[PDB]
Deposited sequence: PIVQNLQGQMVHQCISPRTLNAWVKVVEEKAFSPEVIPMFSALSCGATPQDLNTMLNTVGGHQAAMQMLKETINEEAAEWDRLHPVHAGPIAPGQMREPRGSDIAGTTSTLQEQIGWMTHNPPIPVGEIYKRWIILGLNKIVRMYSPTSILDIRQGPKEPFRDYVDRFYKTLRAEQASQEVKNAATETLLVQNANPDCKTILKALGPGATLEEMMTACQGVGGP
């Protein structure tokens, strides 16, 4: 990454943390924030390093390459560029993705005045592709998350919003009630409209 504005080597802890997150959690949605936090201050070279250290899930990694190329093409459309000697150049899509730019070029853009934040732009493209992958690898739809006959209400709400988080990559208490089991459904409808989640779960912890 880069820090203070000086480039810093990616740490063995950060590298291992990421590889382990991917090994342990695959593309569950909570992997996306960790990546963003682990890639705090990352140059594009560092981001490519992090992606490449993942050994498995190579289908997902190919899809990710596709999404990155879609964003790079849209970048070339939105901010077309032409260089003068002794002066730096403006980055195009393949430059933000680190395939045609050097480390020094990335550092120059990221620490220039005004700064051109190629690391954040690349990270946004990467998270866009990751969100697509998380949504795709979601095992079941939100319409199919229904409370079982003896399933504790808390566990059902856990499943409901975990699925919603994967599928949103809103505040559907109506589907939540509709998909609750009959006893809980009767109680929740009698609770009234505008009931918060705490109220719904307290009403149904029996």
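Comparing the deposited sequence with the modelled residues, the stretches lacking C-alpha coordinates are 5-9, 88-90, 178-183, 221-224.
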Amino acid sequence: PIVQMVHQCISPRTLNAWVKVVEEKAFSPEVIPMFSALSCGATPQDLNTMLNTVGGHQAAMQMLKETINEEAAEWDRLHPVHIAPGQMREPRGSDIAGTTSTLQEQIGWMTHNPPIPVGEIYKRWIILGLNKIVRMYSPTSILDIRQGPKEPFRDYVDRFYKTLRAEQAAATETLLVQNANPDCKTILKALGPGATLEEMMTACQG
From here on, numbers count along this sequence of modelled residues.
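For clarity, a rigid core is taken as the largest C-alpha set superposing within 1.5 Å between two forms.
In terms of root mean square C-alpha deviation after superposing on the rigid core in 6 other deposited structures of this protein, the stretch standing farther out between 69-77 and 87-95 is 87-95. Between stretches 15-23 and 182-190, the one whose Cα atoms sit farther from the displayed model in 6 other deposited structures of this protein on average is 182-190 (core-aligned, root mean square). Across the other entries compared, none leave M61 without coordinates where the residues on each side are present, so it is far from a third. Compared against other deposited entries of this protein, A170 counts as often unmodelled, lacking coordinates in at least a third of those that resolve the residues around it. Mean CA temperature factor is higher for 150-158 when stretches 150-158 and 56-64 are set side by side in the entry. The PDB entry records a higher mean C-alpha B factor for 179-187 than for its counterpart among 179-187 and 11-19. The residue among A170, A26, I32, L51 whose C-alpha carries the highest B-factor in the deposited model is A170. In the deposited coordinates, the residue among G119, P80, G129, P91 with the greatest CA B-factor is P80. In the deposited entry, the Cα temperature factor of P44 places it in the middle third of its chain's modelled residues. Looking at the C-alpha B-factors along this chain, the one for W75 belongs to the highest third. In the deposited entry, the Cα temperature factor of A97 sits in the bottom third of values across the chain's modelled residues.
In this PDB entry, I133 carries a Cα temperature factor that places it within the lowest third of its chain's modelled residues. Sorting the modelled residues of the chain by their CA temperature factor places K123 in the lowest third.
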